[PDB]
Structure formats: C-alpha cells, structure tokens
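First, one chain by itself: the form deposited in one PDB entry, in structure tokens.
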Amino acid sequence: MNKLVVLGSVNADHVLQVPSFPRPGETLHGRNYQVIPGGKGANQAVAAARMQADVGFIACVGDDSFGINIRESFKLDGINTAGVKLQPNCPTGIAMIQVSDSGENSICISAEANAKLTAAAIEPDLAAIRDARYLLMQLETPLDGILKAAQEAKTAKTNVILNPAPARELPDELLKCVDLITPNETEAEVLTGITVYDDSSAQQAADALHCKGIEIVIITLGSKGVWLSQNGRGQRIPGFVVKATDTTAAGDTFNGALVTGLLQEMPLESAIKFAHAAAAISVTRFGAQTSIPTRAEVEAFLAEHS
C-alpha cells in the first residue's frame, strides 16, 4: 500500500514555438514542435516518484499511442500505475501550447481522457486512498472524482493535500476534507476572493481556508517563496533564487517534493524548504515533466546552496 497516492490529470503537451501570438486567418510558421508528457497529476506524481516517494497514481489516459506509452513510462519512474486507467477510443488529454516569442503564451487544453476520471472511475482506487498516509490531488480532472477521493481519505485518517490547480472554485465539502492546501496566488484568490498582496492578505486568505476546515495552508508566491499558516500561525518561508525560464511544472514539482518530505517525517517547515529546492530546479528547465528534478538533483542543489 503506497504511502502516497497522487490523483490527477495526464496531458500530452504539444508545444510549438511561434513568432507571433496565433490569430485566425493565414497559416503561421511555427518551430521546435515537441510532444512533452504533461498534466498536473502526472507532473506531481512524477515529482514525488523522482523524490523517491512511495507513490501510487490515480489517473485517466487515452488509448492513443501516447496514453499507452506514458502509462509504461510512469512505471519506469517508480509510480504505482495500478490506478491509471486507459480510456477506450479517447485521445489522451492534450495541451496545445504555443509559446510566443513575444512572450505571451497560447494555451489550448482539451480534457479528453481526463474527463473520464469520475467518482465512479476511482472506485477501485478507494482502498489505496484509505491505506495511504497522504493523498495528493489537483484540479485538472472532474471534481466528483476529486471530492470522492478526499471524502474516502478523511474517514481513513489519510492526510489530504490539495493543489487547487488549475484555478477554480471549490465546495466547502471538499475544502473541509483538505488537511493541507497549496494554492498559488491566483488560486487562493479564486478560492477565497481574498487577493494576496502581502503577508496580511496571505494570512487572511489562509485564515479563510482555515475556516473552511483546512489546518495547514501554504500559498505559493512565485519567486516570493511560500506563505505557511498552521492553525492561524503564519509565516513566510522564502524559496530559492534561480534564473526562471519556464515555470510550467514549478507548482507541480513543489507539491510532489513537499509531500515527499513530510512522508520522510520532516518538520513541515523543513519539508517546505525542501520542496522550494525541487521547484526551483524545475523553473530553470523547459517543459512539464522534462523539467522535474530527481531527489539526487535536489540534494545536489541543496548542497550547492550550502
């Protein structure tokens, strides 16, 4: 029984660099086309697995070549893929990601196989959720699946970490089941209404989540580190200073590394700093999973930062 169970999405990132932002009409010449394994659930389970967590993964992929292959690849990564279903006659979820040389990114996502991860779909996964010490989830799969998983986890005294990404609002009923939540600045706002300008707001944002029943709130702040509140007692834990070139799986990495630290009986504060280190590395590399570091790369990183 995996001590960590990650539930979440799988995309194929079709990345293309384009000179201008895409507009309808004339065929625009792109370049450096790649298909990168992505998806917030996949990226986080890959994060944890690469941080050597005892991790199983609940997800829905397609029966295209990509879905068939990425499942095998997860195995190679050390992820228990028992909970990874292949959806008949569905492509795998895809992100059509056009990186514009003029900075501004064009993103077109289609759920595809991901829309299939329903509360009923995860039924055989429930037991793995009960036996886990931690359940990690995001929001790139249907809500009923996410909610069903958290509920199962509360009664089993499994700890529930929710990375509320991508940004979307959530019912009290799910928040109440979440032991630890890790929104970024955008997502805390969406979830609370409270926009996070500084410590005061971050703490109000946090307290709003504490009142939704979430003991621990971690608001990731981009380069500003993290705002950690545990039972009202808040504090900013800063991250590392790196030349950021792509932050695509940054948040995915942080959550994977964070939960792996806690499973190693790290104090929360230390687990967090550890996760900072992993995510920092990732923000320095291109693409989703292509940027997610190993435990070795992290220890190496931490050593080099003294």
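Numbering starts at 1 and follows the sequence shown. Here the rigid core means the biggest group of C-alpha atoms that line up within 1.5 Å when the two forms are laid on top of each other. Residues that one form lacks are left out of the comparison.
One more form of this protein, deposited in another entry, exists but is not displayed; see below.
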Report summary line: After a rigid core superposition between this form and the one not shown, the exception among 139, 121, 99, 214, its Cα shifting by 2 Å or more, is 99
Requested in this report: Answer yes if the Cα of residue 76 shifts by 2 angstroms or more between this form and the one not shown on a rigid-core superposition, and no otherwise.
Outcome: no
Query raised in the report: 2 Å or more on the CA of residue 21 between this form and the one not shown, with the rigid core superposed, yes or no?
Result: yes
Query raised in the report: In sequence order, what are the runs of three or more consecutive residues whose Cα atoms each shift by at least 2 Å between this form and the one not shown, relative to the rigid core?
Result: 16 to 31, 96 to 108
